[PDB]
């Protein structure tokens, strides 16, 4: 599969109450796909026992089409995004998917520990520290060690 993810960092503050940024999924090949087959991961370390919340402020694909969860043990720890059946035509792109992560109890989080955190990227760039998997196979990026 030829698909990549672009990343944009919105909240660049090291210590804060929310991780915030944007993903853009792009189809770089000649075949049509569906987002239902794509799993996306953004890696960060969970330092508090509080329940985590994912919030999508806005997306063109529509936010009802996101299937968010959390997983791993830090930092293999991550936010995972899955998707309902949303077409990604060959050569096409989702456009922005805003993501916010907070602790339910509004605790602070240190981003300097997060594998996928890169405040130098202030506009969408191909970004390899956020991963895409298709049916369990890693097709884009590199996971943490």
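Positions refer to the first chain, counted from 1.
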Once average C-alpha B-factors are taken from the entry for 99-107 and 65-73, the winner is 65-73
Avg C-alpha B-factor, entry values, 116-124 vs 47-55, higher side is 47-55
Chain-relative C-alpha B factor for residue 5 (record values, thirds): the lowest
Chain thirds by Cα B factor, record data; residue 29 belongs to the highest
The third of the chain into which the C-alpha temperature factor of residue 81 falls is the lowest
For residue 131, the third of its chain by CA B-factor is the middle
